[PDB]
Structure formats: C-alpha cells, structure tokens
$ cat my_file_37.cif   # mmCIF, C-alpha atoms (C1' of nucleotides)
data_final
loop_
_atom_site.group_PDB
_atom_site.id
_atom_site.type_symbol
_atom_site.label_atom_id
_atom_site.label_comp_id
_atom_site.auth_asym_id
_atom_site.auth_seq_id
_atom_site.Cartn_x
_atom_site.Cartn_y
_atom_site.Cartn_z
ATOM 1 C CA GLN N 719 99.154 66.422 -48.103
ATOM 2 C CA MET N 720 97.524 65.223 -44.866
ATOM 3 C CA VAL N 721 98.547 66.425 -41.410
ATOM 4 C CA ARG N 722 97.673 63.020 -39.942
ATOM 5 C CA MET N 723 100.540 61.527 -41.946
ATOM 6 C CA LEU N 724 102.596 64.437 -40.604
ATOM 7 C CA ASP N 725 101.561 63.281 -37.117
ATOM 8 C CA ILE N 726 102.613 59.720 -38.018
ATOM 9 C CA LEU N 727 106.054 60.859 -39.184
ATOM 10 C CA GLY N 728 106.414 63.222 -36.218
ATOM 11 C CA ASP N 729 105.666 60.459 -33.720
ATOM 12 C CA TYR N 730 108.049 58.157 -35.622
ATOM 13 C CA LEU N 731 110.855 60.723 -35.414
ATOM 14 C CA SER N 732 110.048 61.490 -31.764
ATOM 15 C CA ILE N 733 110.387 57.825 -30.782
ATOM 16 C CA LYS N 734 113.373 57.502 -33.135
ATOM 17 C CA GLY N 735 115.396 60.184 -31.350
ATOM 18 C CA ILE N 736 115.841 62.617 -34.243
ATOM 19 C CA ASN N 737 115.512 66.375 -33.709
ATOM 20 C CA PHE N 738 112.602 67.222 -36.012
ATOM 21 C CA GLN N 739 110.495 70.304 -36.652
ATOM 22 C CA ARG N 740 106.979 70.601 -38.061
ATOM 23 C CA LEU N 741 104.810 73.136 -39.890
ATOM 24 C CA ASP N 742 101.133 72.817 -40.818
ATOM 25 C CA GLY N 743 97.901 74.808 -40.741
ATOM 26 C CA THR N 744 97.226 74.254 -37.037
ATOM 27 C CA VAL N 745 100.534 75.896 -36.068
ATOM 28 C CA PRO N 746 100.145 79.678 -35.593
ATOM 29 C CA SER N 747 102.402 82.130 -37.396
ATOM 30 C CA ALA N 748 104.539 82.971 -34.344
ATOM 31 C CA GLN N 749 105.546 79.342 -33.805
ATOM 32 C CA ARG N 750 106.069 79.043 -37.571
ATOM 33 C CA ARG N 751 108.501 81.975 -37.364
ATOM 34 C CA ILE N 752 110.169 80.278 -34.371
ATOM 35 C CA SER N 753 110.505 76.995 -36.295
ATOM 36 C CA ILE N 754 111.897 78.693 -39.416
ATOM 37 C CA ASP N 755 114.401 80.764 -37.415
ATOM 38 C CA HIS N 756 115.462 77.661 -35.475
ATOM 39 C CA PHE N 757 115.860 75.574 -38.636
ATOM 40 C CA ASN N 758 117.753 78.297 -40.527
ATOM 41 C CA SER N 759 120.148 78.987 -37.647
ATOM 42 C CA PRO N 760 123.791 77.992 -38.295
ATOM 43 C CA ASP N 761 123.919 76.144 -34.937
ATOM 44 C CA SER N 762 120.769 74.110 -35.598
ATOM 45 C CA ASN N 763 120.586 70.548 -34.288
ATOM 46 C CA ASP N 764 117.429 69.889 -36.321
ATOM 47 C CA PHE N 765 117.770 67.320 -39.105
ATOM 48 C CA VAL N 766 114.313 66.867 -40.663
ATOM 49 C CA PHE N 767 111.558 69.429 -41.220
ATOM 50 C CA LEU N 768 107.991 68.355 -42.007
ATOM 51 C "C1'" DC J 1 3.351 -16.220 89.173
ATOM 52 C "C1'" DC J 2 0.837 -13.567 85.788
ATOM 53 C "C1'" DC J 3 0.254 -8.876 83.641
ATOM 54 C "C1'" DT J 4 2.307 -4.854 81.491
ATOM 55 C "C1'" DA J 5 5.522 -1.543 79.752
ATOM 56 C "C1'" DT J 6 10.086 -1.655 76.926
ATOM 57 C "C1'" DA J 7 13.997 -1.736 73.946
ATOM 58 C "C1'" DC J 8 15.640 -4.430 69.825
ATOM 59 C "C1'" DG J 9 15.805 -6.967 65.144
ATOM 60 C "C1'" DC J 10 13.685 -6.656 60.803
ATOM 61 C "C1'" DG J 11 9.182 -8.379 56.579
ATOM 62 C "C1'" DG J 12 7.651 -5.287 53.300
ATOM 63 C "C1'" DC J 13 7.666 -1.015 50.563
ATOM 64 C "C1'" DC J 14 9.989 2.733 48.219
ATOM 65 C "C1'" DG J 15 13.929 5.022 45.911
ATOM 66 C "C1'" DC J 16 18.585 4.943 43.517
ATOM 67 C "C1'" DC J 17 22.798 3.036 40.482
ATOM 68 C "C1'" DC J 18 24.584 0.072 36.446
ATOM 69 C "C1'" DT J 19 23.986 -2.080 31.540
ATOM 70 C "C1'" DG J 20 21.553 -3.902 27.221
ATOM 71 C "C1'" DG J 21 18.722 -3.992 22.406
ATOM 72 C "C1'" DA J 22 15.955 -1.120 19.126
ATOM 73 C "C1'" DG J 23 15.754 2.935 16.236
ATOM 74 C "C1'" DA J 24 17.627 7.205 13.930
ATOM 75 C "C1'" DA J 25 21.291 10.152 11.418
ATOM 76 C "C1'" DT J 26 25.247 9.808 8.134
ATOM 77 C "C1'" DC J 27 28.470 8.273 4.122
ATOM 78 C "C1'" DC J 28 29.079 5.681 -0.088
ATOM 79 C "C1'" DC J 29 27.481 3.741 -4.539
ATOM 80 C "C1'" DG J 30 24.609 3.205 -8.749
ATOM 81 C "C1'" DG J 31 21.167 4.995 -12.075
ATOM 82 C "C1'" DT J 32 19.741 9.043 -14.466
ATOM 83 C "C1'" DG J 33 19.070 14.034 -16.148
ATOM 84 C "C1'" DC J 34 21.071 18.685 -17.627
ATOM 85 C "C1'" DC J 35 24.860 22.310 -19.299
ATOM 86 C "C1'" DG J 36 29.214 23.146 -21.929
ATOM 87 C "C1'" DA J 37 31.570 21.790 -25.679
ATOM 88 C "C1'" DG J 38 32.763 19.220 -29.838
ATOM 89 C "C1'" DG J 39 31.494 17.178 -34.276
ATOM 90 C "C1'" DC J 40 28.461 17.014 -38.539
ATOM 91 C "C1'" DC J 41 25.497 18.895 -42.221
ATOM 92 C "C1'" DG J 42 23.380 22.393 -45.309
ATOM 93 C "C1'" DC J 43 23.560 26.873 -47.696
ATOM 94 C "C1'" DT J 44 26.380 29.924 -50.319
ATOM 95 C "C1'" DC J 45 29.284 33.608 -51.536
ATOM 96 C "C1'" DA J 46 33.902 34.904 -51.945
ATOM 97 C "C1'" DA J 47 38.572 32.918 -52.680
ATOM 98 C "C1'" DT J 48 40.810 29.956 -56.257
ATOM 99 C "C1'" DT J 49 42.377 28.692 -60.923
ATOM 100 C "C1'" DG J 50 43.044 29.451 -65.610
ATOM 101 C "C1'" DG J 51 43.688 32.478 -69.451
ATOM 102 C "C1'" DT J 52 44.350 37.179 -71.706
ATOM 103 C "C1'" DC J 53 46.306 41.669 -72.160
ATOM 104 C "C1'" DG J 54 47.981 46.319 -70.995
ATOM 105 C "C1'" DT J 55 51.467 48.713 -68.677
ATOM 106 C "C1'" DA J 56 54.647 49.959 -64.274
ATOM 107 C "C1'" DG J 57 58.716 49.787 -63.459
ATOM 108 C "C1'" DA J 58 63.467 47.892 -64.061
ATOM 109 C "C1'" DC J 59 67.266 48.810 -66.997
ATOM 110 C "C1'" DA J 60 70.433 51.366 -69.895
ATOM 111 C "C1'" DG J 61 72.315 55.801 -71.444
ATOM 112 C "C1'" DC J 62 73.611 60.826 -71.330
ATOM 113 C "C1'" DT J 63 73.975 65.540 -68.865
ATOM 114 C "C1'" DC J 64 74.331 68.756 -65.018
ATOM 115 C "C1'" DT J 65 74.676 69.871 -60.108
ATOM 116 C "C1'" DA J 66 75.078 68.965 -54.975
ATOM 117 C "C1'" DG J 67 77.801 66.580 -51.559
ATOM 118 C "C1'" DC J 68 82.188 64.871 -49.282
ATOM 119 C "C1'" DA J 69 86.942 64.073 -47.338
ATOM 120 C "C1'" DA J 70 90.752 66.484 -46.084
ATOM 121 C "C1'" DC J 71 93.464 70.469 -46.197
ATOM 122 C "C1'" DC J 72 94.332 75.840 -46.218
ATOM 123 C "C1'" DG J 73 93.872 81.003 -44.601
ATOM 124 C "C1'" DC J 74 91.685 85.252 -42.176
ATOM 125 C "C1'" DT J 75 88.308 87.445 -39.035
ATOM 126 C "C1'" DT J 76 86.032 87.946 -35.041
ATOM 127 C "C1'" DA J 77 82.535 87.026 -32.105
ATOM 128 C "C1'" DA J 78 81.216 83.493 -29.056
ATOM 129 C "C1'" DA J 79 82.540 80.182 -25.462
ATOM 130 C "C1'" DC J 80 85.070 79.356 -21.431
ATOM 131 C "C1'" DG J 81 87.725 79.921 -16.957
#

$ encode --input "my_file_37.cif" --output "structure tokens"
Amino acid sequence: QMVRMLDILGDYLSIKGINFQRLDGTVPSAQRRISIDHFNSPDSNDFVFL
DNA sequence: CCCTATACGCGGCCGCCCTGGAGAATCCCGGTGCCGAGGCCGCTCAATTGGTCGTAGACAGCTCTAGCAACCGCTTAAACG
C-alpha cells in the first residue's frame, strides 16, 4: 500500500543481490512499459516484481 | 751735644661672621551640635474571616462535518538551467 515499504523491500533486494523490478505512482508510463516488457520477456533474469 | 724731621708699631674705635632662647604656625584629641535614617505611636479604612446562596463551567451523551496521512492519476503552467 505504501511506496516507502516498496523502497524498503527494493533496498533489501538490491543489497541482497536479486534482480528486482518496481512499479509505483512516481514511475512514468514509459518506464512502466519498459519494466513490464522486461519482466514478461522469455529471457528475463528478473525474479521479483514490486 | 741738643734740636728736629722721620719711619715704624699699635691703643682705641668701627664693622663683620657664628650660634642660642623665645615665640608663632600646625596636627591631634575630646566635647558638642546638626542631618539622614531608623524605630514607635496614633488614626483608620480596606483586606480578612465567616457564612450563605446562585450559577459557570466541567462532565457526559449524541450527531454531523472538517481535517489528515498516505497513496493514485491527468493536465499544464510555472520554475529552473
């Protein structure tokens, strides 16, 4: 519900070493399209999507 | 051999240098008078004490509306380099 908890999980996964992607209200629609097309690609190395 | 001028020491008088006792100016002390301040007394009115009573506000209860934290999404005009 809160993007600050999204920041907490994103920093946790960044220092963990897990390829993560994020989507919230601050992200513009072009980068949202980039994140969705990267996550839905068959050769995606992303594991967790926030 | 006696008189008379002649150069030489100096009794008396006057002026100058050194030291002593009497009086005057100054500091300290005691008695006394005046100004600032503190204490006491007299009046005396406003604060105190005691009681009574009304009520101002605290409290409780119910209803409706504004605010608030955190998020979204779109527009677009303002801020910024």

$ closest_atom_pairs --input "my_file_37.cif" --of "chain J" --to "chain N" --cutoff "10 Å" --atoms "all atoms listed in the file" --output "CSV"
residue,atom,partner,partner_atom,distance
J:70,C1',N:720,CA,7.0
J:71,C1',N:720,CA,6.8
J:72,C1',N:743,CA,6.6
J:73,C1',N:743,CA,8.3

$ atom_distance --input "my_file_37.cif" --atom1 "atom CA of residue N:766" --atom2 "atom CA of residue N:738"
5.0 Å

$ atom_distance --input "my_file_37.cif" --atom1 "atom CA of residue N:764" --atom2 "atom CA of residue N:737"
4.8 Å

$ atom_distance --input "my_file_37.cif" --atom1 "atom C1' of residue J:74" --atom2 "atom CA of residue N:746"
12.1 Å

$ build_atoms --input "my_file_37.cif" --residues "stretch 736-753 of chain N" --atoms "N, CA, C and O atoms" --output "short mmCIF file (atom, residue, chain, number, x, y, z; two decimals), in the coordinates of the input"
data_model
loop_
_atom_site.label_atom_id
_atom_site.label_comp_id
_atom_site.auth_asym_id
_atom_site.auth_seq_id
_atom_site.Cartn_x
_atom_site.Cartn_y
_atom_site.Cartn_z
N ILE N 736 115.33 61.69 -33.24
CA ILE N 736 115.84 62.62 -34.24
C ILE N 736 115.19 63.97 -34.01
O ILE N 736 113.96 64.06 -33.90
N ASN N 737 116.01 65.02 -33.91
CA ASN N 737 115.51 66.38 -33.71
C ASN N 737 114.78 66.84 -34.96
O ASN N 737 115.40 67.14 -35.98
N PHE N 738 113.45 66.89 -34.88
CA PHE N 738 112.60 67.22 -36.01
C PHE N 738 111.82 68.49 -35.72
O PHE N 738 111.59 68.85 -34.56
N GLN N 739 111.39 69.16 -36.78
CA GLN N 739 110.50 70.30 -36.65
C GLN N 739 109.33 70.13 -37.62
O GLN N 739 109.42 69.38 -38.59
N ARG N 740 108.23 70.82 -37.34
CA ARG N 740 106.98 70.60 -38.06
C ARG N 740 106.31 71.93 -38.38
O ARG N 740 106.42 72.90 -37.62
N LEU N 741 105.61 71.97 -39.51
CA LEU N 741 104.81 73.14 -39.89
C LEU N 741 103.57 72.67 -40.64
O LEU N 741 103.67 71.93 -41.62
N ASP N 742 102.40 73.12 -40.18
CA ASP N 742 101.13 72.82 -40.82
C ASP N 742 100.17 73.97 -40.54
O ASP N 742 100.56 75.02 -40.03
N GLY N 743 98.90 73.76 -40.89
CA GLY N 743 97.90 74.81 -40.74
C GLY N 743 97.47 75.06 -39.31
O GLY N 743 97.02 76.17 -39.00
N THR N 744 97.60 74.07 -38.43
CA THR N 744 97.23 74.25 -37.04
C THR N 744 98.26 75.06 -36.26
O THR N 744 97.92 75.61 -35.21
N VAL N 745 99.49 75.13 -36.75
CA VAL N 745 100.53 75.90 -36.07
C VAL N 745 100.33 77.38 -36.36
O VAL N 745 100.21 77.76 -37.54
N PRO N 746 100.27 78.24 -35.35
CA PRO N 746 100.14 79.68 -35.59
C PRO N 746 101.43 80.26 -36.16
O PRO N 746 102.49 79.62 -36.18
N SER N 747 101.32 81.51 -36.64
CA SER N 747 102.40 82.13 -37.40
C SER N 747 103.62 82.44 -36.53
O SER N 747 104.74 82.46 -37.04
N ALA N 748 103.41 82.70 -35.24
CA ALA N 748 104.54 82.97 -34.34
C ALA N 748 105.41 81.73 -34.16
O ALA N 748 106.64 81.81 -34.24
N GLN N 749 104.78 80.58 -33.93
CA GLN N 749 105.55 79.34 -33.80
C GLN N 749 106.12 78.90 -35.14
O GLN N 749 107.17 78.24 -35.17
N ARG N 750 105.48 79.27 -36.26
CA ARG N 750 106.07 79.04 -37.57
C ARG N 750 107.34 79.86 -37.75
O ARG N 750 108.34 79.36 -38.28
N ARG N 751 107.31 81.13 -37.32
CA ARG N 751 108.50 81.98 -37.36
C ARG N 751 109.60 81.43 -36.46
O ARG N 751 110.78 81.45 -36.83
N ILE N 752 109.22 80.91 -35.29
CA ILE N 752 110.17 80.28 -34.37
C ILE N 752 110.81 79.05 -35.01
O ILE N 752 112.03 78.87 -34.96
N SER N 753 110.00 78.21 -35.66
CA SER N 753 110.50 77.00 -36.30
C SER N 753 111.41 77.30 -37.48
O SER N 753 112.43 76.63 -37.68
#
